[PDB]
Amino acid sequence: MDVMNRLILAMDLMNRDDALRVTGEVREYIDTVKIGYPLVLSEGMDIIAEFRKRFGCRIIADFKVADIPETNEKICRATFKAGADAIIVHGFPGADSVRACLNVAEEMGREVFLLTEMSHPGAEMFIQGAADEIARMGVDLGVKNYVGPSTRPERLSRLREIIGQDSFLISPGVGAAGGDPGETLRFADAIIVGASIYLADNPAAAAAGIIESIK
Amino acid sequence: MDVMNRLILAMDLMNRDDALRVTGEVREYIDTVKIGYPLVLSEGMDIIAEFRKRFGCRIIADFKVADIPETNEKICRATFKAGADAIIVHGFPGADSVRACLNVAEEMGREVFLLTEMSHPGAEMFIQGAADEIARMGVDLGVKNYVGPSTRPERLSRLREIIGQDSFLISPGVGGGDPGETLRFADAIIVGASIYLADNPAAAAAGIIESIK
Ligand SMILES: O=c1cc(O)n([C@@H]2O[C@H](COP(=O)(O)O)[C@@H](O)[C@H]2O)c(=O)[nH]1
Ligand SMILES: O=c1cc(O)n([C@@H]2O[C@H](COP(=O)(O)O)[C@@H](O)[C@H]2O)c(=O)[nH]1
């Protein structure tokens with residue numbers, strides 16, 4: 001995927017009018033938008049096609065798919081039919097669950113991103129300990145796209161080592177309570193930024209500032 | 001939670017007309033319906049209030065919530081605002097992620113179910129090893145409702161030991177797990193396709209209910 005400015009917008013506003021306005025304002029800097037359940041459950045799956053048409057952006061559906069294989073397939077298919085370019089899926093439910101999502105993505109000409117490790121404090125309890133193994137499972141399954149935490153660069157470096165240089169890696173948890181934009185981009189292909197942009201008084205300026213900091 | 005006949009319908013059909021037809025056909029047996037992303041993503045979140053209105057049933061939103069705290073908070077608010085009586089949340093992402101859902105539920109007067117172990121084969125890779133710790137985490141958080149797999153009776157028994165007798169436990173994967181034995185440990189069983197794909201859902205439900213007593 002070709003992510004403009006290596007910066008992905010996490011559009012987690014839950015009001016259509018506000019989500020549209022903010023996303024529109026930063027289209028000059030960002031052409032790849034991560035849409036998750038807060039927006040989708042508030043405004044409907046139609047919002048994905050609307051965003052694509054209105055802003056001419058790529059959409060990553062951040063649905064953290066985490067069910068049994070048959071249910072996973074149903075979610076993935078519905079999500080791709082709704083126009084998503086890619087979908088983010090959890091690895092902790094096991095290889096069969098992940099394989100199911102890969103089935104559907106292959107069948108429909110779309111992409112799966114595998115979430116191997118998370119950025120919040122609770123990730124220390126069970127996810128961190130499984131992270132290397134989940135990433136290796138991804139490699140064994142032929143996964144090419146990954147999501148991993150910027151909150152700790154040493155962990156992010158280890159992930160990149162597991163998945164190789166050819167794999168695509170995107171990373172959330174950027175900022176004060178997270179990692180540094182520049183440092184993260186030593187290992188990740190793109191960073192994901194949400195509230196710092198969408199709650200900013202001037203979202204366009206917030207985005208420009210982040211891109212400046214990583215010139 | 002009072003589940004009629006200890007039997008929860010997993011309404012995973014993706015067509016509103018068919019979902020409504022089948023649910024109507026078994027309402028005389030089942031008053032508690034699990035609605036997941038397949039139906040909600042196809043037909044929209046409004047389907048939850050429509051089910052509760054049309055059937056006078058309780059709805060468990062099976063969204064397997066598995067994000068960071070701030071995102072889980074948003075998902076739970078939207079879900080409860082849509083009328084869900086309960087939401088199912090993953091424990092694997094850790095305590096703060098679960099706490100977020102619990103706090104929202106408690107603020108809104110709704111319920112959280114903690115999913116501790118899953119029923120499918122891949123569950124053995126990562127989740128099974130963490131399942132008892134996840135249940136113990138839930139217990140300390142004050143979780144009172146749990147989900148665990150009918151396909152592994154020994155695991156289900158241990159989960160019941162951990163959560164204690166006062167906690168509420170529901171269990172899918174029946175087919176597969178046996179209804180009667182599962183109910184030695186679970187308060188209710190969850191059943192999907194063997195009811196909703198049947199020639200006669202009512203009889204299918206009636207049969208299951210019969211095999212229990
Ligand atoms: O480990 C992870 C995985 C995520 O998807 N995310 C997601 O990335 C986004 C981050 O947004 P924010 O920059 O406002 O923290 C949110 O949509 C969140 O759900 C995350 O923060 N950490
Ligand atoms: O471990 C689990 C957790 C679940 O929620 N489920 C859910 O329970 C339901 C089971 O449906 P079925 O009886 O047709 O197998 C599905 O909605 C599925 O997503 C499961 O099967 N195993």
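We name chains A, B, ... by the order of the sequence lines, and we start the count at 1 in each one.
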**Report entry** ring pair (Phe, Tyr, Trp, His ring centres under 6.0 Å) involving B/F51 - partner list, sequence neighbours excluded
**Finding:**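 Checked B/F51 against ring pair (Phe, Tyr, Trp, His ring centres under 6.0 Å); matches are B/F55.
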Query raised in the report: What do you reckon, are the aromatic ring centroids of B/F92 and A/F92 less than 6.0 Å apart?
Result: yes
Requested in this report: With a 4.5 angstrom heavy-atom cut-off, could you sort out which part of A/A78 is near chain B: side chain, backbone, both or neither?
Outcome: side chain
Report task. Against chain B, label A/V40 side chain, backbone, both or neither, depending on which of its atoms sit under 4.5 Å from a heavy atom there. Result -> side chain
Query raised in the report: So A/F126 and B/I127, side-chain contact (heavy atoms from CB on, under 4.5 Å) or not? Walk me through it.
Result: CA-CA 9 Å; A/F126 307 110; B/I127 293 178; over 6 Å; no
Query raised in the report: What part of B/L115 is in contact with chain A, defined as an atom under 4.5 angstrom from a non-hydrogen atom: side chain, backbone, both or neither?
Result: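 Answer is neither: B/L115 stays 4.5 Å or more from chain A.
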Query - Closest-packed option against chain A by number of heavy-atom pairs under 4.5 Å, given B/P93, B/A130, B/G94 - result: B/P93
Query raised in the report: When only pairs under 4.5 Å are counted, which of A/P121, A/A82, A/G44, A/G36 shares the most heavy-atom pairs with chain B?
Result: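 It is A/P121.
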Mind listing the donor-acceptor pairs under 3.5 Å that bridge chain B and chain A?
unit_1, atom_1, unit_2, atom_2, d
B/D12, O, A/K74, NZ, 2.9
B/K64, NZ, A/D67, OD1, 3.3
B/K64, NZ, A/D67, OD2, 2.7
B/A66, O, A/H90, NE2, 2.9
B/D67, OD1, A/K64, NZ, 3.4
B/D67, OD2, A/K64, NZ, 2.7
B/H90, NE2, A/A66, O, 2.9
B/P93, O, A/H120, NE2, 2.8
B/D96, OD1, A/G122, N, 3.4
B/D96, OD2, A/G122, N, 3.0
B/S97, OG, A/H120, NE2, 3.1
B/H120, NE2, A/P93, O, 2.8
B/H120, NE2, A/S97, OG, 3.1
B/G122, N, A/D96, OD1, 3.3
B/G122, N, A/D96, OD2, 2.9

